[PDB]
Amino acid sequence: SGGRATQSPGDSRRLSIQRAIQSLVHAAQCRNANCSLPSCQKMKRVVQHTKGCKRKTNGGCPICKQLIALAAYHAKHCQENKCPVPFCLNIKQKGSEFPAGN
Amino acid sequence: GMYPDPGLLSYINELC
Ligand SMILES: [Zn+2]
Ligand SMILES: [Zn+2]
Ligand SMILES: [Zn+2]
C-alpha cells in the first residue's frame with residue numbers, strides 16, 4: 001500500500017501485471033468511443049483478437065495465452081459473473097481448467 | 001501451472 005514497502009523485480013512484474021490487468025478490464029468494459037488512451041486501444045485489439053481466435057487455449061496462441069494470464073490474477077480478484085473481461089469469465093467460471101470456450 | 005508467463009504486459013508495455 002505504501003510506507004516502507006520494497007518493489008523487487010518479481011513484484012514489479014506482478015505490478016506490471018496488475019497494470020495490464022487493469023488494462024484488460026478497461027479495454028473489456030470501455031464504453032467510451034472517443035477514448036484513444038494508448039493502453040486502451042492496444043488492449044482492445046488484444047481482447048477483440050481472442051474473440052476471433054481458435055488457437056487461443058489449445059497451447060498455440062501467445063496473445064490469448066497471456067491475456068488468459070492477466071484475466072486469471074484478475075479472476076480471483078473479481079466477483080462479477082458477467083464481467084467484461086473476456087478470459088475472466090472463461091477462467092473464473094471454469095476455475096479448475098483454464099481453456100476458454102468449453 | 002499457477003499463473004502463465006504474461007508476455008502481454010511486455011507486448012503492451014505502458015510507457016510515457
Ligand atoms: Zn478506453
Ligand atoms: Zn489468439
Ligand atoms: Zn472479471
# chains A, B, ... in the order shown; residues from 1 in each chain; ligands from 1
>>> interface_residues(of="chain B", to="chain A", cutoff="6 Å", atoms="only C-alpha atoms", output="PyMOL selection string")
chain B and resi 3-4+6-9
>>> residues_near_ligand(ligand="ligand 1", cutoff="10 Å", atoms="only C-alpha atoms and all ligand atoms", output="list in words")
residues 23, 25, 26, 27, 28, 29, 30, 31, 32, 33, 34, 35, 36, 37, 38, 39, 40, 41, 42, 43 and 44 of chain A
>>> closest_residue(among="A:86, A:92, A:10, A:53", to="residue B:5", atoms="only C-alpha atoms")
A:10
>>> residues_near_ligand(ligand="ligand 3", cutoff="7 Å", atoms="only C-alpha atoms and all ligand atoms", output="ChimeraX atom specification")
/A:71,74-75,78-80,83-85,88-89
>>> residues_around(residues="residue A:90", least_positions_apart="6", cutoff="8 Å", atoms="only C-alpha atoms", output="MDAnalysis selection string")
chainID A and resid 98:101
>>> atom_distance(atom1="atom CA of residue A:47", atom2="atom 1 (Zn, counted along the ligand's line) of ligand 2")
8.8 Å
>>> atom_distance(atom1="atom CA of residue B:1", atom2="atom CA of residue A:97")
10.2 Å
